[PDB]
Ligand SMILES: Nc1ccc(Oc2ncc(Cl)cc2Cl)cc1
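Single chain ahead, by itself, as structure tokens, in the form deposited without the ligand.
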């Protein structure tokens, strides 16, 4: 997208979202990132929404094909492998944008935490499909990214901040589903929920709605896990 203006790429990403054209939306936002300027809060959200939709469809397809493969010529494995390779390619693309150079140029806590949460998520999606020599290393990469995000978030954000809350939610999912640490997942989700609940009194009506929506998700996991 090198010949398109940054502002036009951002405008088109917004149009692509309204049209439910998430692959286009991701390509527009990748082009925007590659212009080399830092991203605003709204632009970070467009980038994240685009790729979460793309990889979400791939993950759902991969789970369907993997289930069929587990229940049973080479066609099912071949097709599962092609969807898997495509999913890994998208994750690698996102990780490459974060490494060149979104994270290193992100100095305030809001931006850096956002990108490190992304990094943990995309390594987590790689871990979901990993089986071999690098499954352990991929899991550690996800852990390290989430942990650094958590350390900054606890130092620099209030406990009701929605990015801090979503980070803790996803890290708890990492512990439960990837790292075989359900007790760590439960402890993290409970502590996060309780510390947020104690801070709600400081919030406006609108912020209260933002925070409680994510706190509910923590609760729904705790209900499924306990």
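Heads up, when I say rigid core I mean the largest set of C-alphas that superpose within 1.5 Å between the two forms. Positions refer to the first chain, counted from 1.
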query	finding
Between 176-184 and 195-203, the one whose CA atoms sit farther away in 9 other deposited structures of this protein (rigid core aligned)	195-203
Greater root mean square CA deviation, 6-14 compared with 208-216 in 9 other deposited structures of this protein, core aligned	208-216
Size class of the missing deposited segment between residue 131 and residue 132	none
Mean temperature factor over C-alpha atoms, higher-scoring stretch between 3-11 and 216-224	216-224
Given 41-49 and 61-69, the range whose Cα B-factors average higher in the PDB entry	61-69
Residue with maximal Cα B-factor (values as given in the PDB entry) among 109, 118, 103, 126	109
Record-listed C-alpha B factor of residue 191: chain third	middle
CA B-factor ranking of residue 76, expressed as a third of its chain	highest
Ranked against its chain, the third holding the CA B-factor of residue 160	middle
Record-listed C-alpha B factor of residue 31: chain third	lowest
Third of the chain, ranked by Cα B-factor, where residue 178 sits	highest
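The following text describes the form deposited with the ligand bound, which does not appear among the structures shown.
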item: Distance check, residue 176 to the ligand in the entry with it bound, heavy atom within 4.5 Å; value: no
item: Touches the ligand in the entry with it bound: residue 68 (any heavy atom, 4.5 Å); value: no
item: Residue 35, heavy atom within 4.5 angstroms of the ligand in the entry with it bound; value: no
item: Proximity of residue 6 to the ligand in the entry with it bound, heavy atoms at 4.5 Å; value: no
item: Partner contacts in the entry with it bound for 210-226 (non-hydrogen atom within 4.5 angstroms of the ligand); value: 219, 222, 223, 226
